[PDB]
Amino acid sequence: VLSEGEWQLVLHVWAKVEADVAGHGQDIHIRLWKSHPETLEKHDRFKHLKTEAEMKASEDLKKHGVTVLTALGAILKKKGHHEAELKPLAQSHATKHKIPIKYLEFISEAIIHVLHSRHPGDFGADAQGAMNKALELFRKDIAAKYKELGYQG
Ligand code: HEM
């Protein structure tokens, strides 16, 4: 569990994300796919995007990033009290999309990279550690739900 101070650092940087959710979501996807191209294979639509400029020009991808960050933001704002929000996400990611926990590690890395790239003055070592803990809690709780659903992930 995170301390109150750690949650405040998480939500402080999250407020910066909320100034441009769409742009952050695009950058996170592009960073994830560049670092781990196998993840781009899970999007039947997005996997045919060939260049960074094509990725930025995709309204579908931009909309998807807002959907992703809206879901993650709603979870983070619960400060760990997120079972109701997390359960449907685990259901779809385990049973329909088949997303292994390691891919959630990859997107967590991309999130931290983009947040530090855009907001270094609000995302130093302490805030990075807090965000790392919050995303680790998210992944640990998702992994438990995966197992409950019969998916080892
Ligand atoms: C922070 C982690 C993530 C969050 C909050 C998140 C959230 C979402 C949401 C809200 C949706 C739409 C509703 C649904 O189907 O559940 C979605 C769909 C989907 N997600 Fe994720 N997701 C995450 C990570 C990933 C990763 C790492 C992958 C693949 C490597 C992935 C693959 C997909 C796919 C294939 C879909 C359905 C196709 C689409 O709607 O674009 N997700 N995700």
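Using Cβ counts within 10 Å as a stand-in for footprinting exposure, how do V68, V114 rank, fewest first? Intermediate values should be presented prior to the final figure.
Working: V68 18, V114 22.
Going from sparsest to densest Cβ surroundings: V68, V114.
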Exercise. Quick one: net charge of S108's neighbours, Cβ under 10 Å, K/R +1, D/E -1?
Worked result: -2
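By how many nm would the segment from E85 to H43 lengthen if fully extended, with 0.36 nm per residue of separation less the alpha-carbon distance? Don't jump to the answer; show the numbers that get you there.
Numbers: separation 42, 0.36 × 42 = 15.12 nm, distance 2.27 nm.
Here the answer is 12.8 nm.
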Exercise. Got a sec? Charge dipole of the chain, +1 on Cβ for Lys and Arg, -1 for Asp and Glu; which of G23, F46, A134 is way out at the positive end?
Worked result: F46
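Which pairs break 28 Å Cα to Cα here: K34/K98; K56/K98; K78/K145; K16/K145; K16/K140? Don't skip to the answer; put the middle values down first.
Values: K34/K98 20 Å; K56/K98 25 Å; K78/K145 17 Å; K16/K145 30 Å; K16/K140 25 Å.
Flagged as over cut-off: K16/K145.
Compute, for region 4-148, the length of the dipole vector about the Cα centre, with Cβ point charges of +1 (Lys, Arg) and -1 (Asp, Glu) only. Units Debye, rounded to 20. Show your work: numbers first, answer last.
Values: 23 positive and 21 negative charges, 85 e Å.
Using Cβ point charges on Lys, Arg, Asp and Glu, region 4-148 gives about 400 debye.
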Exercise. Can you give the net charge of the other residues whose Cβ lies under 14 Å from the Cβ of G25, counting K and R as +1 and D and E as -1?
Worked result: +1
Seminar exercise, completed: In terms of the alpha carbon gyration tensor, root eigenvalues a ≥ b ≥ c, rounded if a/c is under 1.5 and otherwise prolate when a/b exceeds b/c or oblate, region 57-100 is oblate
Exercise. Tell me, how many Å apart are the Cα centres for region 1-66 and for region 92-153?
Worked result: 12 Å
Exercise. Given 5 Å bins starting at zero, what is the percent of C-alpha pairs of the chain in each, up to the one with the largest pair distance?
Worked result: 2, 9, 19, 22, 22, 16, 9, 2, 0
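Let me check I've understood the local charge: for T70, count other residues with C-beta under 14 angstrom from its C-beta, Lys and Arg +1, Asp and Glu -1. What total comes out? Working shown, then result.
On the way: positive: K62, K63, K77, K78; negative: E18, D20, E85.
Charge balance in the 14 Å sphere: +1.
Readers should treat all values here as calculations from the given coordinates under stated rules, not as data from a laboratory. FYI the Cβ positions are ideal-geometry reconstructions off the backbone, even for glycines, and counts take in every protein chain you see.
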